[PDB]
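>>> chains from the complex, first installment, not repositioned:
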Amino acid sequence: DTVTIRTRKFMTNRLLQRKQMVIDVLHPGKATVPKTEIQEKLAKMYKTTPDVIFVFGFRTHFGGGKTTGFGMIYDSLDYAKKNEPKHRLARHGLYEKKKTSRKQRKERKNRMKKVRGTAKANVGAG
């Protein structure tokens, strides 16, 4: 609706190759706009294009009319792709990890203890 993104705690984080600030948002219509919409606007406030913007947080204050999150802006793609928590890259896809998970792993391990010299056999058994 009415979208106001206002700049607060600007820091140039040279070690991780990013710029981290707070994402302070005002909007008296329906508070809370999609995170996709936010990173478009922030892309065209430092002119860095939306493949290195990352945002998260965004809890909306009581009574609405404000929401506050936390956003990073990376210098390049590869610096984001390296550093970035795994789930945050997979949040808007360019990464994934297949997870079976966590009963298929354990049940394979305990079957593997019984054999020796062949690791592929128990996996082949389905």
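Structure's in. What do you need? Residues are numbered from 1 along each chain as shown, chains lettered A, B, ... in the order given.
>>> tell me which helix or strand residue A:66 sits in.
Under the criterion of DSSP states H and E, residue A:66 resides in strand A:65-74.
>>> can you check residue A:37 too?
Per DSSP H and E: residue A:37 is located in helix A:35-43.
>>> buried residues, that helix. List them.
By neighbour count on 16 or more other CB atoms under 10 Å, the buried set for helix A:35-43 is A:35, A:38, A:39, A:42, A:43. Placement of C-beta: from N, CA and C, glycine included.
>>> so where do the strands sit in chain A?
For chain A, strands defined by DSSP state E occupy the ranges A:4-6, A:11-13, A:18-27, A:53-60, A:65-74.
>>> among those strands, which is nearest residue A:85?
Closest approach to residue A:85 among the strands of chain A is made by strand A:53-60 (9.4 Å; CB to CB).
>>> quick one, the closest one and strand A:18-27 angle?
Calculated by axes from the mean of the first three to the mean of the last three CA atoms, to 10 degrees, strand A:53-60 forms an angle of 40 degrees with strand A:18-27.
>>> which outside residues touch strand A:53-60?
The contact list for strand A:53-60, computed with CB atoms under 8 Å, 6 or more residues apart in numbering, reads A:23, A:25, A:31-32, A:35, A:38-39, A:42-43, A:66-74, A:80, A:84, A:88.
>>> chain B should join the structure above:
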Amino acid sequence: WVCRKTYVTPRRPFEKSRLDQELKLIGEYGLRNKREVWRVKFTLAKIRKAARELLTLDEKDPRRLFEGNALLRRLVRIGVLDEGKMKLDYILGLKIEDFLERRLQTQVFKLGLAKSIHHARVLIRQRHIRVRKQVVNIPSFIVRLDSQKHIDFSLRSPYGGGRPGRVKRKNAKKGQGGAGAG
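If we add chain B to the chains shown above, we get the following:
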């Protein structure tokens, strides 16, 4: 982790005189329950307990000065005490009614639109008022002294600017779709 019990119960369970005071006090401010009264009276007796310490110990000991100053500052900040008083003796002149005056529902009634105290509590809960910019649902706020002139209706709500309610907006459509031709 950490919790505490705010209210306390009366020592005697029945006593006509006590009960009448609790009743007439609730009538005046439009409170819901007696647990909402004893809560207040705990706060008063708590402040009176802290105070009774500081009066015994000579002046110009660091404990008495620093504590007293910051205690009295807080009593002045809510405005249940004058700065024409501001001595530790005047802490003891405090009483129940001055607290209850600073409550939000009392100040809604006193400095804003209501028709009775009973009206004003409902307005706070149905979210038609704010305190500076911020909606509240708490008629038990206690209202700092400076902020007793920033009580306003909500910036979106049928009272002041904002969309019409669903009793109004129903009946508006009742002239065209409720009795307009069907």
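>>> returning to what we had before: so what does the strand holding residue A:66 touch, helix or strand wise?
When contacts are defined as 3 or more CB pairs under 8 Å, 6 or more residues apart in numbering or on different chains; DSSP states H and E, strand A:65-74 packs onto strand A:18-27, helix A:35-43, strand A:53-60.
>>> ok now the last one, how far from the chain's centre?
Meaning strand A:53-60. Distance of strand A:53-60 from the chain centroid (CA atoms, centre = their mean, to the nearest Å) equals 9 Å.
>>> also the longest one?
Mean C-alpha position of strand A:18-27 versus that of the full chain (CA atoms, centre = their mean) differs by 15 Å.
>>> which secondary structure elements does it contact?
Using 3+ CB pairs under 8 Å, 6+ apart: strand A:18-27 touches strand A:4-6, strand A:11-13, helix A:35-43, strand A:53-60, strand A:65-74, helix A:77-83.
>>> mind listing residues that contact the last one?
Yep, that's helix A:77-83 we're talking about. A:16, A:17, A:18, A:51, A:52, A:54, A:74, A:89, A:94, A:95 (CB atoms under 8 Å, 6 or more residues apart in numbering or on different chains).
>>> hmm, try it at 6 Å
A:16, A:17, A:51, A:52, A:74 (CB atoms under 6 Å, 6 or more residues apart in numbering or on different chains).
>>> next up, chain C:
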Amino acid sequence: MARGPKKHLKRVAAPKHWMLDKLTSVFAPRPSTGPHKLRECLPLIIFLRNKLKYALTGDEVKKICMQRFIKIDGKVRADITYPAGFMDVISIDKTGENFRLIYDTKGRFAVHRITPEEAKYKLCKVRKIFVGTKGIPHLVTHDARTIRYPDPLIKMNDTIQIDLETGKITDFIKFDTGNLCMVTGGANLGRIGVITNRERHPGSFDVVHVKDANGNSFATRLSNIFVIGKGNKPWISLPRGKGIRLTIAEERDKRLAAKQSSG
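Next up, chain C placed on what we already have:
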């Protein structure tokens, strides 16, 4: 459980002056073994994500240390729980910055940025003199460095300036009255004042009076005293407040006097 040494450290028995919370989980970092005493350390990760907020998770700090931007005393360290303590210099060369670990007047390790010029040395207390084999003497310091062939006139409770690169001390002070001191242990911490007097007993500790230039006298055990420079002449850049230490009444008064809590 006591069939060997423990490896976990909780949060709720953690040394309190790292200013930890308690709504994050049960464990706290634990200093790993090193040159400074466990209580007197500030683990690395607490400087880098619970102070200056470069990182936000512990995994992020590991990702900084791996690329080796961190140094301590001019050498490269790469643990997340390296146990740095009093009088060391951290050096990030990818920002051009240098820090120093020194005590605030409220007794906690502050951020005291400094010139690169100052960041080429540190102040080290002498604790033991020990003749090794073949008539060679030694020093032993609180940062646990063994510097061979010291000139003989340096005694314990003295302090020595050490060149991080080469050892081989540049100067020293000889402990006495009318020398400027900092407190490093005890219930007094970070206070600065001249020595004024000493007192000796035969065994069972001894104490050392101190007096500052604001007219207050206080005392501390011998082994909590550290020399910083000649009388009223620090050889280090000191953090604000200058070790004087106010009471709480006066400290309150300053904040409401300037009427300032933001800027």
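>>> once more for the contacts of helix A:77-83, now including chain C?
For helix A:77-83, contacts defined as CB under 6 Å, 6+ apart pick out A:16, A:17, A:51, A:52, A:74.
>>> pull out the buried residues from it.
A:80, A:83 (16 or more other CB atoms under 10 Å in any protein chain shown).
>>> likewise for stretch B:75-90?
Neighbour count says stretch B:75-90 has B:75, B:78, B:79, B:80, B:81, B:88 buried, by 16+ other CB under 10 Å.
>>> in these, find the pair that's most separated.
Within the buried residues of stretch B:75-90, B:79 and B:88 form the most distant pair, 18.1 Å apart (CB to CB).
>>> hmm, back to that, pairing partners for the strand holding residue A:66, with directions?
strand A:18-27 (antiparallel), strand A:53-60 (antiparallel) (DSSP bridges).
>>> about what we covered before: could you give the angle of the helix holding residue A:37 to strand A:65-74?
60 degrees.
>>> helices or strands next to helix A:35-43 in the packing?
strand A:53-60 (3 or more CB pairs under 6 Å, 6 or more residues apart in numbering or on different chains; DSSP states H and E).
>>> for chain A, which residue gets nearest to chain C?
residue A:15 (5.4 Å; CB to the nearest CB).
>>> measure the residue nearest the centre of chain C to residue C:198 for me?
By CA atoms, centre = their mean, chain C has its centre lying nearest to residue C:86, at 1.4 Å. Going from residue C:86 to residue C:198 by CB to CB, to the nearest Å gives 22 Å.
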